[PDB]
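Novice: Here it is: the structure, laid out below.
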Amino acid sequence: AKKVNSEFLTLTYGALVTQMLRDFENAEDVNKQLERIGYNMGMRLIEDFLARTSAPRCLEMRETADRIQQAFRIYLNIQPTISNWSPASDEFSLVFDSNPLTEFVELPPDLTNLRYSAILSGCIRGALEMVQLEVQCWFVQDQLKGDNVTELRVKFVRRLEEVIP
Amino acid sequence: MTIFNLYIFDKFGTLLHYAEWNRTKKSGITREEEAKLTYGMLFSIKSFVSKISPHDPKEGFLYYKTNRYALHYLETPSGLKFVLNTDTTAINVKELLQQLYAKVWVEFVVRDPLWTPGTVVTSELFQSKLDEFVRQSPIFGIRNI
Amino acid sequence: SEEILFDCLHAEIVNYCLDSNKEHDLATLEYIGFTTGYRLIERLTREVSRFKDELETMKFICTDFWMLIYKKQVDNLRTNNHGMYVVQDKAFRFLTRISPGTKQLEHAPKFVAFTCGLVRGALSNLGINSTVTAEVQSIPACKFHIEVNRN
Amino acid sequence: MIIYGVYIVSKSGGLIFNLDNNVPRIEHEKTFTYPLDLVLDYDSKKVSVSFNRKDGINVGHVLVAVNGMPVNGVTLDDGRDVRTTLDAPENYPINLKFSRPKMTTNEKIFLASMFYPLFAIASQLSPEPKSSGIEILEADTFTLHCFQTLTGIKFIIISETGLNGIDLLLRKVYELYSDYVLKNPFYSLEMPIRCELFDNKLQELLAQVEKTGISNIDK
C-alpha cells in the first residue's frame, strides 16, 4: 500500500494555475510567470541532481539529453524518449507518453493557450543556465491539448561561460 | 577530518559563505578582499591547469599542497566553488568535500526558502550543520589527491 | 527522495507574495491532497455497522497523514474541553530547513494550512472534519488549534 | 610517465627554458557531411568547437587542414573562408582534421608570465602561518612540481598524475642547472636558456626517466 507518494503535485500545480488564472485572466500570464517560477525551481533542483549524480557537466548534447532524462527519471519518474534528432543534432525531442507534472488533470482546460508545462519549461530551462547552457525551450506537442503524446523541443544556443573573475 | 577552514563562492564570484574551525594565522587584510584574492587564485589556477595540460581536463584542477598546509578544491557543474584548507595527514578529501556538499550545503542552503541565490548565506542552522558534519569524522589532515 | 520537489514547489508557493490574500493557497490544495490521502485509506479500522457509530479521531488520521506527508507525529496532542483540541510539535518538517529564530513566522501557517478546512464528516472525531488555525509560538514548535465550525 | 614540460622562470617570472619533452598531441580525423553537428563557432582566428564533443574531440581541438590544406587564421590556404566551404555542400563529404591548439613558444611564455604571481602570491595570508607558496599542484591529467631554491629560481616540471619522487628529478635538474650556469656570466641570471649542452644532457635524463628507477642519482 501507499506506493505512490506523489499525486499531490498534479493538484498543487492545479491550484497554482487556477489561482494565477483568477488573478490574471490572460492565458499567457499563467504561462510566463509560471515558467519563471519553475525556472527558479530548476535552479534549485539542478544543484541536488548534480549532488547525487556527480555528472561532470553537459559539455555535449547527447550527454545533456541523458542527464535531463535522468533528472526526469529520478524526481518525476518518467522516461523521456529522446527522438526526432536534427541533422545538426543541436535539438532533440522529449517524448513523454504520460505527463509527470500532472496525472489526468483533464484534456480541456476550458480554453486554449493554457500552457500546462511552464514549470516543466523551467524544469528543463533553469538547470541549463545553472549548468551554464544558454538554451531556448519550447513545446512542439502537448497530449493534454487533445493530442496523443507530449513532445518537447529544446535548442542549445550559447555555452554560458564565466567572465571577468 | 578536522580542517583549517572552508570557503564557498558562487559562480559569479561572491563570497556565498565562509567557515572557520582551525585557522590559526589571523590575517590583517579583510576576509572580503581575502575571499576575492582566493577566487582569483582559483580561477587563474583553473586557466593554468586547463591550458598547460597535455590531455583533456575533465574536471580540471584538483588541489595544491604546500610546505605546511594544503588546499583542496571542488567545482560544481553548477559553477559553485567549494575550497577547504588544512594540514597534511588524512584520507583524500575529494569525496569528503563532495559528501559535505551533498549532505549539508544542498540540504541546508538550497532547501531554505529564506536562502535566495545571488546573496550571502547567513543562518545559524547551516553553521551548526556544517560544524557538526565536519566534526562527524573529525581527526585532522588532508593529503588530498 | 520525492520530498525536494514539494519543498521547492512550496517555496515558490510562498514566493508569489501578491498584496491581495494572506492565503497564497486556497483550501483547494487541501481538498485534493487529502482526497489522495483518502485514496491511500482504502482500509480504516472502523466498524462496518450501519446500526452503530464508531468514531475515527482526526488526531489519528492526522498523525498517519503526517507520517505519509510530514513524517513526524504529534509530540503534544491535547483534547480541549470543547469538541475541539490542539496539536503541538516541537519541530516541523518544513521548519527543519530554517533556524529556530523568530524572523518570518507567517510562512509556516501557510505551509500547514494544508490541513485546514478539510472536507468534513458528520460525527465528532470521525477522521477528516477539520476547521483549524495555526498559532505558532516557537519556530520549530508549531502549534495548531482547531475550532468546531458548527456550534 | 614522461615529464611533459620541464620549465623554469626567473624572479620576474619570464619562462626561462621551455624544455619540452617529446609530447605527441592527439590528432583526430573525420570525414564530415552537410552542415555540422559540431559547433563550428568562430573565435578570433581559432575555428574551434565549444559544444557537441564527439570522437575524442576537445574544446581546444581546432581544424588544421581540410584535405591537407592548412588554415591561415580563419581562411583556406587557397583563400576561401572556413564557412565558405561550410556552406558549400557539393564537396561533401569532406575530411576535417582537428588538433588541440599546440602551445607555441610565445604562448608558453605568456602562460608562465600570467602564472608566476599565482605561485608568488599563493595565499599570502594563508590560514596556516609561516607557510610557503604553492609547492605541488595536482591536476586532472598532470601534476606540476614547483621548487623554489629558497630564493630566485623556480624549477617547474609537469609529470604524470601517478608519478612519484619528482622532487629527486627537481634535484637533478638543479644540479644540471648549476652545471650549465658554470660557464656564462654574460648569460644573465634572467636570460632565456639557449644552450644545446643542457638540451642533450636533459635528453639523457629523459631517456633515463623512461625507466622509473632513479639510483646513483640517475642522469
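Protein chains in written order, with our numbering: chain A, 1068 to 1232; chain B, 67 to 211; chain C, 32 to 182; chain D, 4 to 222.
Beta carbons are placed, not taken as given, at the ideal position from N, Cα and C, and that holds for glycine.
May I ask which residues mark the beginning and end of the beta strand (DSSP E) holding residue 177 of chain C?
Specialist: Locating residue 177 of chain C in the third sequence gives position 146, where the first residue counts as 1. Segment 173-177, the beta strand (DSSP E) holding residue 177 of chain C.
Novice: Helix, strand or coil, according to DSSP, for residue 154 of chain B in the structure here?
Specialist: For the purposes of this step, residue 154 of chain B is taken as residue 88 along the second sequence, with counting starting at 1. Here residue 154 of chain B sits in coil by DSSP.
Novice: Counting only beta-carbon separations shorter than 8 Å, does residue 138 of chain C have a partner in chain B?
Specialist: Start at 1 with the first residue of the third sequence, and residue 138 of chain C comes out as number 107. Yes, its Cβ sits closer than 8 Å to a Cβ of chain B.
Novice: By the 9 Å beta-carbon criterion, what residues does the stretch 1156-1190 of chain A contribute toward chain D?
Specialist: The stretch 1156-1190 of chain A vs chain D, Cβ under 9 Å: 1156, 1157.
Novice: Whose C-beta lies closer than 7 Å to the C-beta of residue 37 of chain D among residues of the same chain, with five residues either side of it excluded?
Specialist: The residue you call residue 37 of chain D lines up with position 34 of the fourth sequence. So the qualifying residues of the chain are 92, 95.
Novice: Using the Cα positions of residue 167 of chain D and residue 77 of chain D, report the straight-line distance between them to the nearest angstrom.
Specialist: Start at 1 with the first residue of the fourth sequence, and residue 167 of chain D comes out as number 164. Start at 1 with the first residue of the fourth sequence, and residue 77 of chain D comes out as number 74. Their backbone Cα atoms lie some 43 Å apart in a straight line.
Novice: Is residue 61 of chain C closer than 8 Å to residue 148 of chain C when the C-beta atoms are compared?
Specialist: Position 117 of the third sequence holds residue 148 of chain C. Position 30 of the third sequence holds residue 61 of chain C. A contact, by the Cβ cut-off of 8 Å.
Novice: Between the stretch 32-50 of chain D and the stretch 185-200 of chain D, are three or more C-beta pairs nearer than 8 Å?
Specialist: Because the criterion of three Cβ pairs below 8 Å is not met, the stretch 32-50 of chain D and the stretch 185-200 of chain D do not touch.
Novice: Please identify, using Cβ separations under 8 Å, the residues of the stretch 133-152 of chain B that lie next to chain A, in order along the chain.
Specialist: Under the 8 Å Cβ criterion, the stretch 133-152 of chain B contributes 142, 143, 144, 145, 146.
Novice: Which runs of the beta strand (DSSP E) spanning at least 3 residues fall entirely within the stretch 77-101 of chain B, listed in chain order?
Specialist: Here the runs fully enclosed are 81-86.
Novice: Please confirm whether residue 99 of chain D and residue 33 of chain D have their CB atoms less than 8 Å apart.
Specialist: The sequence position of residue 99 of chain D within the fourth sequence is 96, counting from 1. The sequence position of residue 33 of chain D within the fourth sequence is 30, counting from 1. Yes, the pair counts as a contact, with Cβ atoms nearer than the cut-off.
Novice: So, does the stretch 160-173 of chain B touch the stretch 1152-1166 of chain A, judging by three or more C-beta pairs under 8 Å?
Specialist: Because the criterion of three Cβ pairs below 8 Å is not met, the stretch 160-173 of chain B and the stretch 1152-1166 of chain A do not touch.
Novice: Report all residues from its chain with a CB closer than 6 Å to the CB of residue 88 of chain C; omit the five preceding and five following residues, and keep chain order.
Specialist: Against the third sequence, residue 88 of chain C aligns to sequence position 57. Cβ within range, chain order: 156.
Novice: Measuring alpha carbon to alpha carbon, tell me which of C:169, C:51, C:44 ends up nearest residue 132 of chain C.
Specialist: Numbered from its first residue, the third sequence carries residue 132 of chain C at position 101. The shortest C-alpha separation from residue 132 of chain C is found at C:169.
Novice: Using a 10 Å radius around the Cβ and a threshold of 16 neighbouring Cβ atoms, would you call residue 1217 of chain A buried or exposed?
Specialist: Along the first sequence, one-based indexing puts residue 1217 of chain A at 150. It is buried - the Cβ of residue 1217 of chain A has at least 16 other Cβ atoms within 10 Å.
Novice: Please go through the same chain and pick out, in chain order, the residues whose beta-carbon is closer than 7 Å to the beta-carbon of residue 84 of chain C, but skip the five residues on each side of it.
Specialist: The sequence position of residue 84 of chain C within the third sequence is 53, counting from 1. Cβ neighbours of residue 84 of chain C beyond the five flanking positions: 154.
Novice: Can you give me the Cβ contacts of residue 1219 of chain A inside the same chain, cut-off strictly under 6 Å, excluding the 5 residues immediately before and after it?
Specialist: Here residue 1219 of chain A is taken as the residue at index 152 of the first sequence, counted from 1. Once the five neighbours on either side are set aside, the close Cβ partners of residue 1219 of chain A are 1161, 1206.
Novice: Within 8 Å (strictly less), CB to CB, does residue 212 of chain B reach chain D?
Specialist: Nothing in the structure corresponds to residue 212 of chain B, since chain B is present only between 67 and 211.
Novice: Using 8 Å as the threshold, is the C-beta distance between residue 142 of chain D and residue 159 of chain B below it?
Specialist: On the fourth sequence, residue 142 of chain D is found 139 positions in, with the first residue counted as 1. On the second sequence, residue 159 of chain B is found 93 positions in, with the first residue counted as 1. Cβ distance not < 8 Å, so residue 142 of chain D and residue 159 of chain B don't count as in contact.
Novice: Compare the C-alpha of residue 44 of chain C against each of C:143, C:161, C:165 and name the closest.
Specialist: The count along the third sequence starts at 1 and reaches residue 44 of chain C at position 13. Of the listed residues, the one whose Cα sits closest to residue 44 of chain C is C:143.
Novice: Could you check where the beta strand (DSSP E) with residue 128 of chain B kicks off and where it finishes?
Specialist: As a first step, residue 128 of chain B must be located in the second sequence, where it is residue number 62. Counting along the chain, the beta strand (DSSP E) containing residue 128 of chain B begins and ends at 127-131.
Novice: Quick one: using the 10 Å Cβ neighbour count with 16 as the cut-off for buried, is residue 145 of chain D buried or exposed?
Specialist: As a working note, residue 145 of chain D is residue 142 in the fourth sequence. By the 10 Å Cβ count, residue 145 of chain D comes out buried.
Novice: Chain A partners of residue 113 of chain D, CB-CB under 8 Å?
Specialist: For the purposes of this step, residue 113 of chain D is taken as residue 110 along the fourth sequence, with counting starting at 1. Neighbours of residue 113 of chain D on chain A: none; closest Cβ ~18 Å, over 8 Å.
Novice: According to DSSP, is residue 31 of chain D part of a helix, a strand, or is it coil?
Specialist: Position 28 of the fourth sequence, counted from the first residue, corresponds to residue 31 of chain D. It is a strand residue.
Novice: Using three-state DSSP, classify residue 1223 of chain A as helix, strand or coil.
Specialist: Position 156 of the first sequence, counted from the start, is the residue given in the question as residue 1223 of chain A. Residue 1223 of chain A: strand per DSSP, three-state reduction.
Novice: Between which two residues does the beta strand (DSSP E) containing residue 9 of chain D stretch?
Specialist: Here residue 9 of chain D is taken as the residue at index 6 of the fourth sequence, counted from 1. Counting along the chain, the beta strand (DSSP E) containing residue 9 of chain D begins and ends at 8-12.
Novice: From which residue to which residue does the beta strand (DSSP E) around residue 112 of chain C run?
Specialist: What you label residue 112 of chain C is simply residue 81 of the third sequence in a count that begins at 1. Unbroken run through residue 112 of chain C: none, as it is neither H nor E.
Novice: Is the beta carbon of residue 120 of chain B sitting closer than 8 Å to the one on residue 26 of chain D?
Specialist: Your numbering for residue 120 of chain B matches position 54 in the second sequence. Your numbering for residue 26 of chain D matches position 23 in the fourth sequence. Cβ distance < 8 Å, so residue 120 of chain B and residue 26 of chain D count as in contact.
Novice: Taking any Cβ of chain A, which residues in the stretch 160-173 of chain B have a Cβ under 8 Å from it, in chain order?
Specialist: The residues in question are 164, 167, 168, 172.
Novice: Taking its Cβ as the centre, do 16 or more other Cβ atoms sit within 10 Å of residue 55 of chain C, making it buried, or is it exposed?
Specialist: Position 24 of the third sequence, counted from the start, is the residue given in the question as residue 55 of chain C. Residue 55 of chain C comes out buried.
Novice: Name the residue from A:1197, A:1121, A:1132, A:1126 whose alpha carbon lies nearest to the alpha carbon of residue 1159 of chain A.
Specialist: Position 92 of the first sequence holds residue 1159 of chain A. Among A:1197, A:1121, A:1132, A:1126, the Cα nearest to that of residue 1159 of chain A belongs to A:1132.
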